[PDB]
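Visitor: Following this line is model20.txt, made up of compact mmCIF, C-alpha atoms:
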```txt
# COMPACT_ATOMS: atom_id res chain seq x y z
CA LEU A 1 140.12 107.64 103.13
CA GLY A 2 141.29 107.32 106.75
CA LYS A 3 139.37 109.55 109.18
CA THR A 4 141.74 109.90 112.17
CA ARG A 5 143.26 106.55 111.09
CA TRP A 6 145.42 104.99 113.83
CA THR A 7 148.80 103.29 113.36
CA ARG A 8 150.66 100.66 115.43
CA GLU A 9 153.42 103.22 116.12
CA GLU A 10 150.77 105.47 117.70
CA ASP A 11 149.06 102.57 119.50
CA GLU A 12 152.41 101.86 121.21
CA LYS A 13 152.47 105.44 122.56
CA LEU A 14 148.85 105.21 123.76
CA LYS A 15 149.59 101.82 125.33
CA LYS A 16 152.68 103.14 127.14
CA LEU A 17 150.75 106.16 128.46
CA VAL A 18 147.85 103.96 129.65
CA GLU A 19 150.22 101.47 131.33
CA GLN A 20 152.12 104.37 132.92
CA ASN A 21 149.07 106.29 134.21
CA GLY A 22 145.86 104.27 133.77
CA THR A 23 142.42 104.42 132.12
CA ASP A 24 141.55 107.43 134.32
CA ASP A 25 140.97 110.99 133.00
CA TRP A 26 141.62 110.52 129.27
CA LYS A 27 142.19 114.30 129.12
CA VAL A 28 145.65 113.73 130.65
CA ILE A 29 146.57 111.16 127.99
CA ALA A 30 145.06 113.38 125.26
CA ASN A 31 147.20 116.30 126.48
CA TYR A 32 150.30 114.12 125.88
CA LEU A 33 148.91 112.99 122.47
CA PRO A 34 148.04 116.11 120.40
CA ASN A 35 145.29 115.65 117.75
CA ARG A 36 144.19 112.47 119.58
CA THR A 37 141.36 113.84 121.72
CA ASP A 38 140.22 112.08 124.90
CA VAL A 39 137.41 110.54 122.82
CA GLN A 40 139.90 109.13 120.28
CA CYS A 41 142.23 107.82 123.00
CA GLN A 42 139.38 106.29 125.03
CA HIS A 43 137.70 104.67 122.02
CA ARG A 44 140.95 103.42 120.51
CA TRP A 45 141.79 101.71 123.82
CA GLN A 46 138.60 100.67 125.68
CA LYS A 47 136.82 99.85 122.38
CA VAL A 48 139.81 97.90 120.91
CA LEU A 49 143.05 97.55 122.99
CA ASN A 50 141.76 95.99 126.21
CA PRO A 51 143.67 92.88 127.38
CA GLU A 52 141.11 91.40 129.78
```
Once more with this new file: its structure as structure tokens, please.
Guide:
Amino acid sequence: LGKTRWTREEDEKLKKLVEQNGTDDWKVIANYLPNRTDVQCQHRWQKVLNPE
């Protein structure tokens, strides 16, 4: 099983998009990452990738 399982290769894309734009409207990032809805992008980042 692997419901919407994420991979490091994908995390790099999400990271780059977040660094480029920001943790603003996740809809923008989601638009650039098909399948990965704003919920997926937001969760994957704010809930895991958050260097702070």
Visitor: Please provide as an NGL selection string all residues within 12 Å of region 44-47 of chain A, with the sequence filter that same-chain residues fewer than 4 positions apart are discarded (counting all atoms listed in the file).
Guide: :A and (4-8 or 10-19 or 22-24 or 26 or 29-30 or 36-40 or 51-52)
Visitor: Any idea what the distance is between CA of residue 25 (chain A) and CA of residue 3 (chain A)?
Guide: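 Computed distance, CA of residue 25 (chain A) to CA of residue 3 (chain A), equals 23.9 Å.
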Visitor: Give, as lines of an AutoDock Vina configuration file, the centre coordinates and the x, y and z edge lengths in Å to one decimal for an axis-aligned box around all listed atoms of region 6-9 of chain A, padded by 6 Å on each side.
Guide:
```
center_x = 149.4
center_y = 102.8
center_z = 114.7
size_x = 20.0
size_y = 16.3
size_z = 14.8
```
